[PDB]
file start_4.cif (mmCIF, C-alpha atoms; chains and numbers go by the auth columns)
data_coords
#
loop_
_atom_site.group_PDB
_atom_site.id
_atom_site.type_symbol
_atom_site.label_atom_id
_atom_site.label_comp_id
_atom_site.label_asym_id
_atom_site.label_seq_id
_atom_site.Cartn_x
_atom_site.Cartn_y
_atom_site.Cartn_z
_atom_site.B_iso_or_equiv
_atom_site.auth_seq_id
_atom_site.auth_asym_id
ATOM 1 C CA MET A 1 -5.420 8.808 10.718 0.00 1 P
ATOM 2 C CA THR A 2 -3.128 7.387 13.382 0.00 2 P
ATOM 3 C CA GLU A 3 -0.130 9.466 14.457 0.00 3 P
ATOM 4 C CA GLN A 4 2.075 6.804 12.883 0.00 4 P
ATOM 5 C CA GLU A 5 0.407 7.156 9.512 0.00 5 P
ATOM 6 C CA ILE A 6 0.695 10.942 9.735 0.00 6 P
ATOM 7 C CA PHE A 7 4.406 10.609 10.550 0.00 7 P
ATOM 8 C CA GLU A 8 4.952 8.363 7.539 0.00 8 P
ATOM 9 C CA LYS A 9 3.257 10.864 5.215 0.00 9 P
ATOM 10 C CA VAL A 10 5.052 13.847 6.764 0.00 10 P
ATOM 11 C CA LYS A 11 8.368 12.000 6.390 0.00 11 P
ATOM 12 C CA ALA A 12 7.645 11.392 2.700 0.00 12 P
ATOM 13 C CA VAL A 13 6.806 15.066 2.141 0.00 13 P
ATOM 14 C CA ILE A 14 9.954 16.256 3.901 0.00 14 P
ATOM 15 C CA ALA A 15 12.201 13.796 2.067 0.00 15 P
ATOM 16 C CA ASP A 16 10.812 15.041 -1.234 0.00 16 P
ATOM 17 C CA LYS A 17 10.766 18.797 -0.609 0.00 17 P
ATOM 18 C CA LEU A 18 14.080 18.968 1.262 0.00 18 P
ATOM 19 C CA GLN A 19 15.758 16.299 -0.873 0.00 19 P
ATOM 20 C CA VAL A 20 16.978 14.253 2.078 0.00 20 P
ATOM 21 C CA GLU A 21 16.916 10.492 2.576 0.00 21 P
ATOM 22 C CA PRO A 22 13.818 9.277 4.471 0.00 22 P
ATOM 23 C CA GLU A 23 16.193 7.790 7.066 0.00 23 P
ATOM 24 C CA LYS A 24 17.324 11.250 8.201 0.00 24 P
ATOM 25 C CA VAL A 25 13.771 12.400 8.884 0.00 25 P
ATOM 26 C CA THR A 26 13.471 11.368 12.535 0.00 26 P
ATOM 27 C CA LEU A 27 10.759 12.503 14.938 0.00 27 P
ATOM 28 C CA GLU A 28 12.847 15.199 16.655 0.00 28 P
ATOM 29 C CA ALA A 29 14.575 16.477 13.514 0.00 29 P
ATOM 30 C CA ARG A 30 14.622 20.265 13.143 0.00 30 P
ATOM 31 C CA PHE A 31 14.024 21.399 9.566 0.00 31 P
ATOM 32 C CA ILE A 32 16.753 24.019 9.754 0.00 32 P
ATOM 33 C CA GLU A 33 19.394 22.747 12.190 0.00 33 P
ATOM 34 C CA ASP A 34 19.140 19.083 11.295 0.00 34 P
ATOM 35 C CA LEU A 35 17.769 18.924 7.744 0.00 35 P
ATOM 36 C CA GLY A 36 19.328 22.123 6.367 0.00 36 P
ATOM 37 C CA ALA A 37 16.162 23.702 4.990 0.00 37 P
ATOM 38 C CA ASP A 38 16.705 27.041 3.236 0.00 38 P
ATOM 39 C CA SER A 39 14.008 29.645 2.426 0.00 39 P
ATOM 40 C CA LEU A 40 12.711 27.910 -0.705 0.00 40 P
ATOM 41 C CA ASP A 41 12.601 24.576 1.142 0.00 41 P
ATOM 42 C CA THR A 42 10.607 26.043 4.002 0.00 42 P
ATOM 43 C CA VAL A 43 7.718 27.258 1.847 0.00 43 P
ATOM 44 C CA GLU A 44 7.864 24.110 -0.305 0.00 44 P
ATOM 45 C CA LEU A 45 7.609 21.959 2.836 0.00 45 P
ATOM 46 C CA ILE A 46 4.587 23.835 4.199 0.00 46 P
ATOM 47 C CA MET A 47 2.868 23.668 0.810 0.00 47 P
ATOM 48 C CA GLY A 48 3.807 20.006 0.549 0.00 48 P
ATOM 49 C CA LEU A 49 2.058 19.334 3.856 0.00 49 P
ATOM 50 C CA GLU A 50 -0.977 21.319 2.722 0.00 50 P
ATOM 51 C CA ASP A 51 -1.190 19.347 -0.520 0.00 51 P
ATOM 52 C CA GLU A 52 -0.630 15.963 1.117 0.00 52 P
ATOM 53 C CA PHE A 53 -3.114 16.473 3.958 0.00 53 P
ATOM 54 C CA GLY A 54 -5.508 18.859 2.241 0.00 54 P
ATOM 55 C CA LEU A 55 -5.335 21.395 5.058 0.00 55 P
ATOM 56 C CA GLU A 56 -4.453 25.074 5.368 0.00 56 P
ATOM 57 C CA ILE A 57 -1.640 26.266 7.616 0.00 57 P
ATOM 58 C CA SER A 58 -1.580 30.012 8.236 0.00 58 P
ATOM 59 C CA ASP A 59 1.707 31.850 7.770 0.00 59 P
ATOM 60 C CA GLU A 60 1.642 32.401 11.536 0.00 60 P
ATOM 61 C CA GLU A 61 1.215 28.722 12.396 0.00 61 P
ATOM 62 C CA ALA A 62 3.836 27.743 9.823 0.00 62 P
ATOM 63 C CA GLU A 63 6.456 29.926 11.513 0.00 63 P
ATOM 64 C CA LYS A 64 5.939 27.815 14.648 0.00 64 P
ATOM 65 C CA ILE A 65 6.528 24.366 13.121 0.00 65 P
ATOM 66 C CA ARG A 66 10.283 23.781 13.648 0.00 66 P
ATOM 67 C CA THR A 67 10.490 19.997 13.965 0.00 67 P
ATOM 68 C CA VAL A 68 9.023 16.898 12.391 0.00 68 P
ATOM 69 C CA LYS A 69 7.287 16.316 15.731 0.00 69 P
ATOM 70 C CA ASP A 70 5.764 19.812 15.617 0.00 70 P
ATOM 71 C CA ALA A 71 4.359 19.026 12.182 0.00 71 P
ATOM 72 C CA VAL A 72 3.019 15.625 13.195 0.00 72 P
ATOM 73 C CA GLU A 73 1.379 17.000 16.350 0.00 73 P
ATOM 74 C CA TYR A 74 -0.148 19.953 14.499 0.00 74 P
ATOM 75 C CA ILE A 75 -1.610 17.713 11.808 0.00 75 P
ATOM 76 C CA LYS A 76 -2.895 15.106 14.278 0.00 76 P
ATOM 77 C CA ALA A 77 -4.636 17.849 16.269 0.00 77 P
ATOM 78 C CA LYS A 78 -6.344 19.360 13.213 0.00 78 P
ATOM 79 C CA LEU A 79 -7.420 16.097 11.584 0.00 79 P
ATOM 80 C CA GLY A 80 -8.656 14.587 14.830 0.00 80 P
#
call {"tool": "encode", "arguments": {"input": "start_4.cif", "output": "structure tokens"}}
result
Amino acid sequence: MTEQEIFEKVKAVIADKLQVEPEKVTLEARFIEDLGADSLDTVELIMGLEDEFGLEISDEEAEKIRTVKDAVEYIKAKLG
């Protein structure tokens, strides 16, 4: 997958799980400060990424993904 295609899929997952318009899910957006994610949203977002990409993100790694960019970069690195 290209980084662009990963971004598009990540954006879709975030829009769904955090209930925000796709337009607000920019590359630098912070899940908490910019998208208002609460505790339930945080776990739903991680699981959403795991379901969409078929990967496993450890609780440790998850705690480190703060922005859309962090998610995209993490996924692109894992997938190849």
call {"tool": "closest_residue", "arguments": {"input": "start_4.cif", "among": "P:8, P:16, P:24, P:75", "to": "residue 54 (chain P)", "atoms": "all atoms listed in the file"}}
result
P:75
call {"tool": "atom_distance", "arguments": {"input": "start_4.cif", "atom1": "CA of residue 6 (chain P)", "atom2": "CA of residue 72 (chain P)"}}
result
6.3 Å
call {"tool": "residues_around", "arguments": {"input": "start_4.cif", "residues": "residue 40 (chain P)", "least_positions_apart": "5", "cutoff": "10 Å", "atoms": "all atoms listed in the file", "output": "JSON, numbers by chain"}}
result
{"P": [17, 18, 45]}
call {"tool": "write_last_selection", "arguments": {"input": "start_4.cif", "atoms": "C-alpha atoms", "output": "compact mmCIF listing (two decimals), keeping the file's coordinate frame"}}
result
# COMPACT_ATOMS: atom_id res chain seq x y z
CA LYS P 17 10.77 18.80 -0.61
CA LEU P 18 14.08 18.97 1.26
CA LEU P 45 7.61 21.96 2.84
call {"tool": "resolve_selection", "arguments": {"input": "start_4.cif", "expression": "the PyMOL selection byres ((chain P and resi 29-38) around 7)", "output": "number ranges by chain"}}
result
P: 18, 25-28, 39-42, 66-68
call {"tool": "write_last_selection", "arguments": {"input": "start_4.cif", "atoms": "C-alpha atoms", "output": "mmCIF file, keeping the file's coordinate frame"}}
result
data_model
loop_
_atom_site.group_PDB
_atom_site.id
_atom_site.type_symbol
_atom_site.label_atom_id
_atom_site.label_comp_id
_atom_site.auth_asym_id
_atom_site.auth_seq_id
_atom_site.Cartn_x
_atom_site.Cartn_y
_atom_site.Cartn_z
ATOM 1 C CA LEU P 18 14.080 18.968 1.262
ATOM 2 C CA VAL P 25 13.771 12.400 8.884
ATOM 3 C CA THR P 26 13.471 11.368 12.535
ATOM 4 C CA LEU P 27 10.759 12.503 14.938
ATOM 5 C CA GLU P 28 12.847 15.199 16.655
ATOM 6 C CA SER P 39 14.008 29.645 2.426
ATOM 7 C CA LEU P 40 12.711 27.910 -0.705
ATOM 8 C CA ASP P 41 12.601 24.576 1.142
ATOM 9 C CA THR P 42 10.607 26.043 4.002
ATOM 10 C CA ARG P 66 10.283 23.781 13.648
ATOM 11 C CA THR P 67 10.490 19.997 13.965
ATOM 12 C CA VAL P 68 9.023 16.898 12.391
#
call {"tool": "atom_distance", "arguments": {"input": "start_4.cif", "atom1": "CA of residue 58 (chain P)", "atom2": "CA of residue 23 (chain P)"}}
result
28.5 Å
call {"tool": "closest_residue", "arguments": {"input": "start_4.cif", "among": "P:62, P:44, P:69, P:50", "to": "residue 11 (chain P)", "atoms": "all atoms listed in the file"}}
result
P:69
call {"tool": "residues_around", "arguments": {"input": "start_4.cif", "residues": "residue 78 (chain P)", "least_positions_apart": "4", "cutoff": "9 Å", "atoms": "all atoms listed in the file", "output": "list in words"}}
result
residues 55, 73 and 74 of chain P
call {"tool": "atom_distance", "arguments": {"input": "start_4.cif", "atom1": "CA of residue 61 (chain P)", "atom2": "CA of residue 22 (chain P)"}}
result
24.5 Å
call {"tool": "residues_around", "arguments": {"input": "start_4.cif", "residues": "residue 9 (chain P)", "least_positions_apart": "5", "cutoff": "10 Å", "atoms": "all atoms listed in the file", "output": "number ranges by chain"}}
result
P: 3-4, 14-15, 49, 52-53, 72
call {"tool": "write_last_selection", "arguments": {"input": "start_4.cif", "atoms": "C-alpha atoms", "output": "compact mmCIF listing (two decimals), in the frame of the given file"}}
result
# COMPACT_ATOMS: atom_id res chain seq x y z
CA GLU P 3 -0.13 9.47 14.46
CA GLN P 4 2.08 6.80 12.88
CA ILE P 14 9.95 16.26 3.90
CA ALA P 15 12.20 13.80 2.07
CA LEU P 49 2.06 19.33 3.86
CA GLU P 52 -0.63 15.96 1.12
CA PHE P 53 -3.11 16.47 3.96
CA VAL P 72 3.02 15.62 13.20
call {"tool": "axis_aligned_box", "arguments": {"input": "start_4.cif", "around": "region 59-63 of chain P", "padding_each_side": "4 Å", "output": "JSON"}}
result
{"center_x": 3.8, "center_y": 30.1, "center_z": 10.1, "size_x": 13.2, "size_y": 12.7, "size_z": 12.6}
call {"tool": "closest_residue", "arguments": {"input": "start_4.cif", "among": "P:70, P:21, P:5, P:59", "to": "residue 43 (chain P)", "atoms": "all atoms listed in the file"}}
result
P:59
call {"tool": "build_atoms", "arguments": {"input": "start_4.cif", "residues": "region 63-74 of chain P", "atoms": "N, CA, C and O atoms", "output": "PDB file, in the frame of the given file"}}
result
ATOM      1  N   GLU P  63       5.252  29.424  10.861  1.00  0.00           N
ATOM      2  CA  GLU P  63       6.456  29.926  11.513  1.00  0.00           C
ATOM      3  C   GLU P  63       6.773  29.184  12.810  1.00  0.00           C
ATOM      4  O   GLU P  63       7.915  29.193  13.274  1.00  0.00           O
ATOM      5  N   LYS P  64       5.765  28.537  13.389  1.00  0.00           N
ATOM      6  CA  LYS P  64       5.939  27.815  14.648  1.00  0.00           C
ATOM      7  C   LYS P  64       6.320  26.339  14.527  1.00  0.00           C
ATOM      8  O   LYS P  64       6.721  25.720  15.511  1.00  0.00           O
ATOM      9  N   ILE P  65       6.191  25.773  13.332  1.00  0.00           N
ATOM     10  CA  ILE P  65       6.528  24.366  13.121  1.00  0.00           C
ATOM     11  C   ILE P  65       8.017  24.236  12.777  1.00  0.00           C
ATOM     12  O   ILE P  65       8.409  24.424  11.628  1.00  0.00           O
ATOM     13  N   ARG P  66       8.824  23.912  13.789  1.00  0.00           N
ATOM     14  CA  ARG P  66      10.283  23.781  13.648  1.00  0.00           C
ATOM     15  C   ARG P  66      10.793  22.353  13.473  1.00  0.00           C
ATOM     16  O   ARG P  66      11.843  22.132  12.861  1.00  0.00           O
ATOM     17  N   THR P  67      10.070  21.389  14.028  1.00  0.00           N
ATOM     18  CA  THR P  67      10.490  19.997  13.965  1.00  0.00           C
ATOM     19  C   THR P  67       9.470  19.104  13.289  1.00  0.00           C
ATOM     20  O   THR P  67       8.341  19.514  13.032  1.00  0.00           O
ATOM     21  N   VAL P  68       9.894  17.881  13.001  1.00  0.00           N
ATOM     22  CA  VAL P  68       9.023  16.898  12.391  1.00  0.00           C
ATOM     23  C   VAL P  68       7.903  16.650  13.401  1.00  0.00           C
ATOM     24  O   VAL P  68       6.726  16.580  13.038  1.00  0.00           O
ATOM     25  N   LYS P  69       8.271  16.544  14.676  1.00  0.00           N
ATOM     26  CA  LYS P  69       7.287  16.316  15.731  1.00  0.00           C
ATOM     27  C   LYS P  69       6.251  17.436  15.750  1.00  0.00           C
ATOM     28  O   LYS P  69       5.050  17.168  15.875  1.00  0.00           O
ATOM     29  N   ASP P  70       6.699  18.686  15.627  1.00  0.00           N
ATOM     30  CA  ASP P  70       5.764  19.812  15.617  1.00  0.00           C
ATOM     31  C   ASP P  70       4.753  19.649  14.494  1.00  0.00           C
ATOM     32  O   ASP P  70       3.564  19.922  14.668  1.00  0.00           O
ATOM     33  N   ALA P  71       5.228  19.208  13.334  1.00  0.00           N
ATOM     34  CA  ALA P  71       4.359  19.026  12.182  1.00  0.00           C
ATOM     35  C   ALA P  71       3.367  17.903  12.432  1.00  0.00           C
ATOM     36  O   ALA P  71       2.169  18.062  12.186  1.00  0.00           O
ATOM     37  N   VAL P  72       3.871  16.772  12.915  1.00  0.00           N
ATOM     38  CA  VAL P  72       3.019  15.625  13.195  1.00  0.00           C
ATOM     39  C   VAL P  72       1.945  15.969  14.221  1.00  0.00           C
ATOM     40  O   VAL P  72       0.769  15.658  14.019  1.00  0.00           O
ATOM     41  N   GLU P  73       2.338  16.627  15.307  1.00  0.00           N
ATOM     42  CA  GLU P  73       1.379  17.000  16.350  1.00  0.00           C
ATOM     43  C   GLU P  73       0.332  17.987  15.838  1.00  0.00           C
ATOM     44  O   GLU P  73      -0.854  17.874  16.165  1.00  0.00           O
ATOM     45  N   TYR P  74       0.767  18.957  15.041  1.00  0.00           N
ATOM     46  CA  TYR P  74      -0.148  19.953  14.499  1.00  0.00           C
ATOM     47  C   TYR P  74      -1.204  19.260  13.649  1.00  0.00           C
ATOM     48  O   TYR P  74      -2.408  19.463  13.836  1.00  0.00           O
TER      49      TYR P  74
END
